[PDB]
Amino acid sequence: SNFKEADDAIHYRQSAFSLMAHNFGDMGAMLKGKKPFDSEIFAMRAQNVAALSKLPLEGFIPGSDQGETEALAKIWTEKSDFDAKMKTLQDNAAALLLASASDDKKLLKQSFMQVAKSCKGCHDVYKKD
């Protein structure tokens, strides 16, 4: 295994998701007008989200559904669909990174919403209530 104990795998994936959320939420705040929009900071965030999105799958090792985690056990009996949702997150984050190189606000919002749908769609099925 890549981790000494199961708790290390849980902490790893949780930390990657938390960092993803900070960067993704800053993009959302800018698009929603909650803070000033800045195209360079937006692109920096999109790069961070794309890089961070490659990290958490590693942490979903067998046997790491016990203890202090919000990951449902059915992740590991439906692992093919789970992995496919994670892969789609990657593609969507790559599209948002590409969109961040342009200044078309509607295309930015559209690409952002596709990533957001990836986050929520996986959570609704595979994260504890």
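For every residue, the number given is its place in the sequence shown, counted from 1.
Taking the mean C-alpha B-factor of each stretch as recorded, 85-93 and 52-60 are not equal, and the higher mean is that of 85-93. Of the two stretches examined, 42-50 and 28-36, the record assigns the greater average C-alpha temperature factor to 28-36. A71: CA B factor lies in the lowest third for its chain, per the PDB record. When the modelled residues of the chain are ordered by C-alpha B-factor, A9 sits in the lowest third. Among all modelled residues in its chain, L107 ranks in the highest third by Cα B-factor.
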